[PDB]
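Here the Cβ is made from the backbone with ideal geometry for all residues, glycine too, and neighbour counts use every protein chain on show. We did not get these values from a lab; they are worked out from the coordinates using the rules stated.
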Amino acid sequence: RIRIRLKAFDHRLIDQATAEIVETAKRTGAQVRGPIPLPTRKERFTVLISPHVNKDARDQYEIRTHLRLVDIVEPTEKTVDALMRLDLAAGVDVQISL
Amino acid sequence: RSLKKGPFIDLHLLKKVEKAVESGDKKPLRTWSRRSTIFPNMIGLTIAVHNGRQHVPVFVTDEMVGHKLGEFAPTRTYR
Amino acid sequence: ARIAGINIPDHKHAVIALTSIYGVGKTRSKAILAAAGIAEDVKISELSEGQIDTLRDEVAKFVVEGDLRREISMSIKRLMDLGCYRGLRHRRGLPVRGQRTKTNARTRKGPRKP
Amino acid sequence: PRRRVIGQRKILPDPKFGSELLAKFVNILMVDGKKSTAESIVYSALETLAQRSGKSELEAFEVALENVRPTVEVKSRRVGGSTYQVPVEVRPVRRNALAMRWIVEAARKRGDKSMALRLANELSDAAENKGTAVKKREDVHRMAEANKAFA
Amino acid sequence: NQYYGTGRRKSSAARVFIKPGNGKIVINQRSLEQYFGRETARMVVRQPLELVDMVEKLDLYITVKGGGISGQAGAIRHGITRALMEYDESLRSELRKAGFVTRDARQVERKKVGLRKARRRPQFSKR
Amino acid sequence: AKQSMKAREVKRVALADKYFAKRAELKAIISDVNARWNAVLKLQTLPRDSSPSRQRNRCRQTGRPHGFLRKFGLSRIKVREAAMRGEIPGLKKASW
RNA sequence: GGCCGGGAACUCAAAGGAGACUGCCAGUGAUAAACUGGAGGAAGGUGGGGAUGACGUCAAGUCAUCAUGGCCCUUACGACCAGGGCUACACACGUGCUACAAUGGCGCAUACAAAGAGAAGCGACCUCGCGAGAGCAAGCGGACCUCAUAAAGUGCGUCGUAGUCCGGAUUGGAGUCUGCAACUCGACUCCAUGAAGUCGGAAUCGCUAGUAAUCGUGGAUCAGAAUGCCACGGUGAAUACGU
Ligand SMILES: [Mg+2]
Ligand SMILES: [Mg+2]
Ligand SMILES: [Mg+2]
Ligand SMILES: [Mg+2]
Ligand SMILES: [Mg+2]
């Protein structure tokens, strides 16, 4: 209904993006259960550090993908206004699906 | 063993086999493809298989249908 | 108990006895006993003379002993006469399936010599 | 182990009987880090020991172990180009440690069926001494007394 | 009111409850002997309940997930000691000596580059 | 990294949509246990460089045919040069 | 059957904090630094582990990843394409896997993981085949769905010291899968065959605690070939008197 799932890579970026959506909704409206933390997927890669030879020496890499879920339980015609296009997107992906 | 259903062969070499039956066999044909397999229609026809230098005269025989053309041309020379 | 082939085992299981003969092993040994209706755990001791011929008939269907020895050898001898890659690979004493002859070919090639 | 002296960490005791001595014994017998299959052999050996000998449970293996305790051992010097063996009094912590090792090593050389049986046969011939562990315990002792010179 | 205690042992989370009733052991809707605990780690669940006046003292419901045999067993060991909050901070002072309240900080080591598993450096040719 | 091999690669990739992909529907559903005729297997006289799993998948910057990760689409040497200059988002020194 | 209201405690999950600083106490020490011991505490003396590799050395490696001085070829050392080789074989060495077995083999039954990966993809459930797999074919861009039925271990039975139900090499016959294509030169399965080896000379390698060792799973690479590598967990020691 208002099931919105986010994605962000940074250790603290979405925490401020998922803050502003809460107090915007619950002020004029009601309910709004809040941000679910969700399990972080971590894609761990390993590549050779030297351009030639050197099997023992390598560099390890990781990309942490942090998810969040909004969950607004109240679909009012007032709270749907001032929700869309006040997000001010800082590269945070947003999706509207069940 | 391999190739599942149907014996896979090359198109261009099938025309050379049909040339040897219809127009008749004359000399050993110089073929670069080792991918095709021997059939009953290829029995009693002279063929030649390339293997890194020049085409070796491989004579076809009744019981060679079970194996490929590539087996009869050794690539690596020894001694 | 002669039991078809010349090999005569005794004081062991029926599953062990059938594996000892040429051209028959652990998989077929279950199928021969299951066909006749015989248990795996029963020994050769305490077994009737009429009960022997049922197992003797089933093992006699598939080619075994010296007939299968030459069946594989004739297919090798035929394959060597074809003048193929695998044919020259048999007679010279090297691996036929395409293993590394550089090192660890000691089974098919044979012991090290000067 | 140059500067840093150890804390000598304590293992947990044997859960059935409550003997801390048998907790070290099961660890020597253990191979591939399998404590479950290790104790199954040890308990099977101990039940056959007390039944055959007709003695009590806890003191059957204890008196058997007491006979295979080494009196003294030697240490390799290598100081002035020549190898010297100097005899030294083994400590009570090391005494049973080497004893439990030489029981398993002696049982390993046998040609018997099960590990429970062959180890129990080694425990059976510990009180009256014909075995391999009792031959193994007296090795440095023959070299000792001669090496009493160096002290 | 119920009496709670968590505990865990090598990524094996457990949840212990204690009530005043009968001495039956319920674990994941199964008995203690029917939880296969015959060999080593048979009575490590009742290790913190060794030195107490028991007879038939308490109900218990325990549920553990993660790890293997001894990982789940040692989680119940540390889990019951936290669940002694019925008896509160009186009986823990004697339990300090045993060291069952101590949560074990030993965890499995990460695999390292150029090593076979965490420590073992693979061998090399002569000198 | 030998720009002719990259020119050979750009050719190889550019034939994937034309000869196969669309007209590679032949041999998938058609060559199966149905109802045989061998004339469908005689359609393999096509140029062959269009093949769906032919490409080595070279690095897009340099053209090294080694250490190519599908995620980044770059070779191991260009991963370290890129990663230490940022550019890949949420990427840093992995330690746990 | 958490399966369905519902309850939100808790496990799990991850944003922000507290906590461990020789600080509280005792002793020793130039009264200072510090050390030993004890209390409290989940964690005590850099808590465990990782990232973090000084100035420089070996004119160490990489002109073959790229960049680039100079030199050289330039109707060729360039370019395109077929096939071949990179997988050869009287030999020598290193690095691994699987073993030589009753702490084990084989068969039936049964319990407990974590870390992952997935749309040109991972593939339920169902039917067919002894099997590898094939056809039909939901769900999920992913705490849902899929790979995934983890194995050691444990419960009974068989085997009772043999070149064996130990070990799997090698070879033959007959199959599946990926792809224009498996002969040189594959993975995997089916039947059959069952080399050597029964603890390995001198010598040599690693490791001080969830470590050695042992048993499994996953990923990157990749259409399709791991016993390598990387990542994860299960069981789990011995011995450290000393320099
Ligand atoms: Mg260039
Ligand atoms: Mg390729
Ligand atoms: Mg630092
Ligand atoms: Mg240099
Ligand atoms: Mg075998």
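Annotation: average projected area of chain E is 11.4 square nanometres, based on the convex hull of Cα atoms across all directions.
Using the alpha-carbon positions of the stretch F:1-95, Rg (one decimal) and Dmax (whole number) come out as 19.3, 61 Å. With R₀ set to 45 Å, the beta-carbon distance separating E:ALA105 from B:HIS50 gives a calculated FRET efficiency near 0.05. To the nearest ten degrees, helix A:14-28 and the longest principal axis of the Cα atoms of chain A are 0 degrees apart. Would any residue of the stretch E:1-30 have its amide N under 17 Å from a label point 7 Å out along Cα→Cβ of E:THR63? List them or say none. E:2-8, E:12-19, E:25-30, by backbone N distance to the label point. At q = 0.18 Å⁻¹, what log₁₀ I(q)/I(0) does a Debye calculation on the Cα points of chain D give, no solvent, two decimals? For chain D, the Cα-only Debye profile gives -1.12. Springs between Cα atoms under 10 Å define the GNM used for chain D, and in it the highest mean-square fluctuation of D:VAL104, D:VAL134, D:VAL31 occurs at D:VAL31.
Can you check what the net charge comes to around A:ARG3, using other residues whose Cβ is under 14 Å from the Cβ of A:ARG3 (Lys, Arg +1; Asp, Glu -1)?
Here the charged neighbours net out to +2.
Spacing of the modelled spin labels on A:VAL73 and D:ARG94, each 7 Å from Cα toward Cβ, amounts to 7.2 nm. Karplus-derived 3J(HN,Hα) values for the stretch D:44-54, using 6.51 cos²θ - 1.76 cosθ + 1.60 with θ = phi - 60°, are 4, 6, 5, 5, 5, 5, 5, 5, 5, 5, x Hz; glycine and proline are entered as x. For the charge dipole of chain C, defined by +1 on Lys and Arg C-beta atoms and -1 on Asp and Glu C-beta atoms about the Cα centroid, which residue among C:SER29, C:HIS90, C:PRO114 has the Cα displaced farthest towards the positive pole? Of C:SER29, C:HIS90, C:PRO114, it is C:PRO114.
Ellipticity at 222 nm from helices only: DSSP H runs of n ≥ 4 in chain B, each -39500 (n - 2.57), divided by the residue count, give -4500 deg cm²/dmol. Between D:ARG9 and F:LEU46, the C-beta separation translates, for a Förster distance of 56 Å, into a calculated FRET efficiency of about 0.20.
Take D:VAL31, project a point 7 Å from its Cα along the Cβ direction, then tell me which residues of the stretch D:108-151 have their backbone nitrogen under 11 Å from it. Hits in the stretch D:108-151 for D:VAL31 at 11 Å: D:108-109, D:115. Note on chain A: helix-only mean residue ellipticity at 222 nm, from DSSP H runs of 4+ residues weighted -39500 (n - 2.57) and normalised by residue number, equals -5000 deg cm²/dmol. Ratio of Rg to Rh for the protein assembly as shown: 1.06 [Cα atoms; Kirkwood radius as inverse mean 1/r over pairs].
For every other residue with a beta carbon closer than 13 angstrom to the beta carbon of C:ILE3, add +1 if it is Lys or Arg and -1 if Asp or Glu, then tell me the sum. After counting each charged neighbour, the total is -3.
With each run of n ≥ 4 DSSP H residues scored as -39500 (n - 2.57), what mean residue ellipticity at 222 nm is computed for chain E after dividing by its residue count and rounding to the nearest 500 deg cm²/dmol? After summing the helix terms and dividing by residue count, I get -5000 deg cm²/dmol. Taking every alpha-carbon pair within chain B, the share separated by more than 18 Å comes to 40 percent. Work out the FRET efficiency for D:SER56 and C:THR107 from their Cβ-Cβ distance, taking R0 = 56 Å, and round it to the nearest 0.05. Efficiency at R0 = 56 Å is approximately 0.45.
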